[PDB]
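Chemist: Quick one: structure below, then a few questions.
Protein chains in written order, with the authors' numbering: chain A, 302 to 1275; chain B, 301 to 562, 571 to 1275.
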């Protein structure tokens, strides 16, 4: 408000995030914020510090910028009937006293009381370059898509939103075109309801490139950096998603299956059912923790599916044993579920473990012994060479083992991939692979039937075949017999056959039905997952680490050398149990009820009510925009390490420090999060560490040393543009900001003339060129009184001089021993003729009017005002200003104390705007610097003419469109 | 009749003490005690004196008297009385009683002249106008000037002494203004002292000096230390005391406990810490290490090391290397970084493989065993050698070292403007710090990434976890504790200590404030972190004189690690302080430290250091000076009492003397705490010291001191020369003696024998005798006769010549041989003595008992290393004649003299019998001819014993104030 530049004036307000930038009351002091923004070395309802005086100001500017992204929706107009107008349209609004908002928006409705300079200029203006001019109206019954008109405001805001819109609309299309990519995410099988139409000016700004894609990735990649407690719950969220999809029945299923599939060994040394009953659980209740590994699949170079410890027995392995058989079966089943590349070697060593003491062949070291925990082995180098070096396996001592190893060699599941979605609109999916390439630990097979059926065609069914074969090969052993009974082994095979031939709709749904159902979500992932190309063999591909730079090295400002230094943990262990796994594999129980097209798309749509990707896309976009705006500002006033255009340093503000930088960046991040009430990790990982040497990229390397760079890139910040523009323009309007260029001259002067100390008559100032200069830099001590001499200052050479004259002082010396200085100077500047140019550069000030008719003192303990300040900063300058008359007024004294070293008096809200003359009131004339147009039609309104031409009543384009929420146009078909 | 009381220190105007024996030894009493209180150590009785040290002792002798007189003068009131002989005089009123008797003592015309007496008669010639108060200073306190000359009995000796004294003193006074300015700088702007008052010009602040003095003092201090720990350990003690006494920050390991929420890591550390400890000192001492470097080295035990070995699988070793790795970088031992590097390597030896550069070196060898610049490996000096497959872990580690390693700084300190500051390997006001500092207002939470300390915790947590992750560098590790251990690493990396803040910006302040308070200033070394060749190697000094080709004094720099005394610390307490840190819960920096400061600086002791050092340098100055006056050194010397025979010098001579001085002055200042070990830190015949220090490169930096004058030896020359023109005055005479039995009734003293009963040495009737001259005995018991240089056998009589070599070595024989011959017959031998003590024997001219008894005694009491002062039976002059004496002379001086003959007939106004002596009215010439001023030219001529003597009302205040600390 007055001087009204602040928002909430007449516009179509829609919602705020507290970008509160405003003014302060002008008839008195004026700070508008800075007893609330930054008071680092000052403290008051009336203070600010010049040792952080560049952050605060920018910050103030930036929030201002933020305040102005609101939705323009112009509604209706009408020709007018004042004598004042000759057809200029009024904007018709239902608002109360729209008339005042017009007499305000336009100088209209301003009558003919008596001859006033105002009224005179009124009678002279134009009847045309006023009100409506033009618009983009090609439709019927609905407003122009935008309307231009001559109304009062600052066209930055106009151009501001021009660039705002530019950033927005750039991503629109004919909508239904996106029904493609949705159907591609619908897999073509989640049928879709939506209208049929091309672009109808309903902006759908979600056509996005891979730049911001990858950038947001990076951000997540350290946002996820070292926090995996959070990954578990949402993984369960996915598990329940699947629960809402999977038809399985668990407890009595396996109950009947097991009571049917085992063979009789009750009087035959540990009956298998009894043992296995006591092992599994009759724990009949909700059990759904199976979906775990399935959902975890979404990450491989990200997470490491490891198996729980107790899943393995703790006996070093042996032959004559039944629980060995149980558990070895279980693991042979579950290991092909793991992501760990040593899992082959792991099971290898595992069978070696139960092969402790009977079959014994080449052993490499004291760890590759068959007595060592397989899971403990970690590195390619931790893998028994012989495992990968099959010829060390003599088929003589380990015939069965060589057998089985070769089985695994030729027989082992393999990876595949699948597609989803569209970079066409939405950029990459992962960055260490081509777009939408979704590699798979499995090799999906095409399902055809819409209902479950029995069949044994599956790589894992084949594996089960292999393992039952090996088991029968072994249990019948002649070393078993002495440890056992013989009809026992008969019943053993009697079990294993029904085992390998047990009922299970699992593997078919897995190999065929699961994969598409995985693809069902499956960008609809709050965190977009990541994965890395697969590895089945050939240790040389075993990755090393994903090093991420977001800065440089200590002594090396280059990224390409700090690469080894700026690098972060990779992979996490996540231990799982095989029980429910085998439970499911050996028993799939699916009713013929999931009518895929019907069932699944049915299960989905109601869930589809608030599609997050919308929030995700905007999230990431604004994210990267912020990040860019940052990487720019850190190089400006606020240098980082590379001197490029700093602008305001003619303002003295203290130099760069990460501490100061971190402070400012906090203010930023704050404002940012507000901008849409953002609430998640945001640049929080960047001030985590120094965002001063910022250099972004990432890489991963493998056992073959093969390195793989990914280097991000950002297209800039529309904000940063506008803000720099305005910043430059500012340099000449500083007056409008309660901060002044120059210094002040201080000594008790006594005048009655009506003159601003903001522009005092020439006679009153002095300089170095002035004689009487007592020049002081940074050597000034002070003696108290002497024998006959008063307190005398030790001089810059070291001499003692009394306190009066023309003296010069650079501020820092002052801020040093302020207290000393102040306790001394009281009289001899107040009463004495001590006058110093204390030299500040650029500084806050403040004011109060006053009636000149009485005497005026500009002491009023302005000293007291001073001493209130710290030895660390300076108090804003209050001023008493007379009410000068346009003509006669009587004489009264005025004892001033402080004056501006310059003329800078330019700031005023209107006072006495109705008269060609007034007795003594604020001498004010219509500010004729913005409406010269109203006397002559010129000044290309939209052409860039600032600061060369700055007005406040301009080209005005209130918009009007069709603004549907995109969550709403999400109509599903079940 | 009596003689003159040549004295001082008999009318003390003060209670100050010197303990400097200004007694003169009387003649009715004994005399040679003053000649048996010198460097002589072989004396045993009332009587006797060594010939060979005669000259050699006089120095100290005359010196001590001087040491009596630097006392301080004060006001005296105003007396106004007049009597006929005292008409119109402003006598100096004295608060003391019988001061009028003391006036007659100082006022001659005080007494009158009503009759006949050498007093009455000559005082009848004395005026009343050159008596009493002469002239005054307009500068004056009470009833006396700050300098007021007044006619009075006095010795110009004391005058000159205190005059040059005063000169020095006032040459030092300091303005309270610049004083408080100092105190400000001393307080670094954290004192508050003003002074609006009524001025007083008596006030005295004489303490302004240069730097060379303190620098010398620091040198000698180190020398006396001679590398003794017990010297400076208690220094560190006082330090830690005041430190723990002053720091508001609080430590609480129990915090972590809750942070951990009480092996499992927690159990391990809980056993590691003993949750009972209550004492907090040696850590503070680890800090105070940063204050002195040039002599000491912070080191660490290896009981903290994993046997200085370690492995890659011992969880305890994890704890310990963790612990240390944190507690290290703050040390001063320069081999630290590569040492921790190599220790880490040793524990790791076997998984990662790196080239070496010495077979005796071992990648598993002891870091302790590697403690030289030569223990540096060029692979640690070039990482590019480390292929990232050799040991990438260690490569990254070495780079971490190259990068985050601590980095020194400095600050201003001291008040060199007036008192100066002593620093040689650095400018005086420069104060290093092995780390870097930052500005104030830490009243914000203590979190700081940019803190090299948080930096440290961060980087170490990283490298640790990074390594621990693989499970394979650590085989045998089965249960997944990547959860427990690594989350623990997180929690600890997330433990907040306010200590690092104190360290980063507060400790700098504390120590900068301590700096001026040092009764012993620092001694440190230019800190570096790299370039072994730059690494210092030598801290040498030359306890030997420089004027000859002279290697410096042996230094331990080649046997210690670099230069410094070892110092092993506790990693536990240190790293805990690094770990748990909390400031007072309501703290406001300044007011806290204001109150913490006040009473401390309310006390002050550095002025003791000043007095110490100034006296020290003056003392050694005049010391080596007098050395240049005693005998021959490696430079031309000038002796002056060589007219008093004594040989050239040995060392223990001055040694005795040196400690004479040390004792004397310590007793003279009641600062009996020892100051100097002159040769006990120096060398019998040295002239100068000089320091030097060099790096491993061979870059040497070699400093030499400078000398100012010392008026002491000057005034010594002053005094002696006057005595060396006015002799006898104190018990020693030049000349010789003639020995033989002559008798007379014409009365005189053997000091004034007529030159008739005398003969020149080697007179006609000559009888020369060398060392080898042996006797021809008489025949059948006849008179033996002695062989001549020609051979002739002459009897025991004539004029005989013994310069001296043999009588020294053949005393008692000679006595027994020549006794009766001198006793009853002529045997006139001249014996050569040069300068020598004498004695008297009071006797009446009317009676006699044999002096030859006591004479023979004095003979018996001589050794070649000892001579007693010769007694002489002294008669009574009279105002009336009496029965003369046949007096039997045996031995007599060879000369006429006056030592102190004042005046005959102590109170008898006239004298007839015996000699006469009037008053040396000579000395009071202004009292005879007042044409003369007091600075008239009469020196080194006759001394006057009456003067106008400036007396003073200046005042020295004990240096204090009323102030406040950090506001």
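Idealized CB from N, CA, C, for every residue including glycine.
Which residues mark the beginning and the end of the beta strand (DSSP E) in which residue 1075(A) is found?
Modeler: Start and end: 1074-1076.
Chemist: Which word fits residue 737(A), buried or exposed, when buried means at least 16 other C-beta atoms lie within 10 angstroms of its C-beta?
Modeler: buried
Chemist: Could you tell me the distance, in whole angstroms, from the CA atom of residue 400(A) to the CA atom of residue 407(A)?
Modeler: 10 angstroms
Chemist: Does the contact criterion of 3 or more C-beta pairs under 8 angstroms hold for the segment 1197-1216 of chain B versus the segment 1050-1061 of chain B?
Modeler: yes
Chemist: Label residue 882(A) either buried or exposed according to how many other C-beta atoms from any shown protein chain fall within 10 Å of its C-beta, with 16 as the threshold for buried.
Modeler: buried
Chemist: So residue 481(B) contacts chain A; which residues on that side make the cut at Cβ distance below 7 angstroms?
Modeler: 1082
Chemist: For the alpha helix (DSSP H) containing residue 545(B), list its first residue and its last residue.
Modeler: 529-546
Chemist: Report yes if the CB atom of residue 1141(A) is closer than 8 angstroms to the CB atom of residue 1175(A), and no otherwise.
Modeler: yes
Chemist: Are the C-beta atoms of residue 785(B) and some chain A residue less than 8 angstroms apart?
Modeler: Residue 785(B) counts as touching chain A.
Chemist: Do you know offhand how far residue 543(A)'s Cα is from residue 592(A)'s?
Modeler: 7 angstroms
Chemist: Quick one, which of 1222(A), 957(A) and 713(A) has its alpha-carbon nearest residue 1152(A)'s?
Modeler: Of the candidates 1222(A), 957(A) and 713(A), the one whose C-alpha sits nearest the C-alpha of residue 1152(A) is 1222(A).
Chemist: Report back the beta-carbon spacing between residue 363(A) and residue 972(A) to the nearest angstrom; my notes put them in contact at under 8 angstroms.
Modeler: 7 angstroms
Chemist: Pick from 1275(B), 1273(B), 1269(B) and 374(B): whose alpha carbon is nearest that of residue 480(B)?
Modeler: Checked all of 1275(B), 1273(B), 1269(B) and 374(B); the closest Cα to residue 480(B) is 1269(B).
Chemist: Taking DSSP as the reference, what is the three-state secondary structure of residue 1127(A)?
Modeler: helix
Chemist: Check this for me: beta carbons of residue 371(A) and residue 314(A), under 8 angstroms apart or not?
Modeler: yes
Chemist: For residue 853(B), which residues of its own chain have a beta-carbon under 7 angstroms away from its beta-carbon, when the five flanking residues on both sides are left out?
Modeler: 942, 994, 995 and 996
Chemist: How would you label residue 342(B), buried or exposed, when you count the other beta carbons within 10 angstroms and need 16 or more for buried?
Modeler: When all chains shown are included, residue 342(B) counts as exposed.
Chemist: Note down, in chain order, every chain B residue with its Cβ under 8 angstroms from the Cβ of residue 1088(A).
Modeler: 499
Chemist: Would you list, in chain order, the members of the segment 834-856 of chain A that have their beta-carbon closer than 7 angstroms to a beta-carbon of chain B?
Modeler: 855 and 856
Chemist: In this structure, does DSSP put residue 1242(A) in helix, strand or coil?
Modeler: coil
Chemist: Sort 520(B), 1214(B) and 803(B) by Cα distance to residue 766(B) and report the nearest one.
Modeler: Nearest of 520(B), 1214(B) and 803(B) to residue 766(B), Cα basis: 803(B).
Chemist: Sort 923(A), 644(A) and 529(A) by Cα distance to residue 840(A) and report the nearest one.
Modeler: Ranking 923(A), 644(A) and 529(A) by Cα distance to residue 840(A) puts 644(A) first.
Chemist: Span of the beta strand (DSSP E) holding residue 504(B)?
Modeler: From DSSP, residue 504(B) is part of no beta strand (DSSP E); its letter is neither H nor E.
Chemist: Buried or exposed: residue 564(B), going by 16 or more other Cβ atoms within 10 Å of its Cβ?
Modeler: Since chain B is numbered 562 and then 571, with no step between, residue 564(B) has no place in the structure shown.
Chemist: Tell me, to the nearest whole angstrom, how far the beta carbon of residue 1136(B) is from that of residue 1046(B); I am working on the premise that it is less than 8 angstroms.
Modeler: Under the criterion of beta carbons closer than 8 angstroms, residue 1136(B) and residue 1046(B) qualify as touching, at roughly 6 angstroms.
Chemist: Name the residues in the segment 747-764 of chain B whose C-beta lies less than 9 angstroms from a C-beta of chain A; which are they?
Modeler: 749, 756, 757 and 758
Chemist: Do you know how far the Cα of residue 851(B) is from the Cα of residue 860(B)?
Modeler: 6 angstroms
Chemist: Among the candidates 570(A), 661(A), 609(A) and 1250(A), whose CA atom is the shortest distance from the CA of residue 621(A)?
Modeler: Closest option to residue 621(A), Cα to Cα, is 570(A).
Chemist: Anything in the segment 663-694 of chain A with a Cβ closer than 8 angstroms to a Cβ of chain B? List those residues in chain order, please.
Modeler: 668, 674, 676, 677, 678, 679, 680, 682 and 683
Chemist: Under 8 angstroms Cβ-Cβ, which residues of chain B neighbour residue 990(A)?
Modeler: Residues of chain B with a Cβ closer than 8 angstroms to the Cβ of residue 990(A) are, in chain order, 757.
Chemist: When you compare the segment 375-395 of chain A with the segment 332-339 of chain A, are there three or more beta-carbon pairs, one atom per stretch, that lie closer than 8 angstroms?
Modeler: Note that the segment 375-395 of chain A does not touch the segment 332-339 of chain A; fewer than 3 beta-carbon pairs, one per stretch, sit closer than 8 angstroms.
Chemist: With a cut-off of 8 angstroms on the beta carbons, I'd call residue 843(B) and residue 836(B) a contact; round off their distance for me.
Modeler: 7 angstroms
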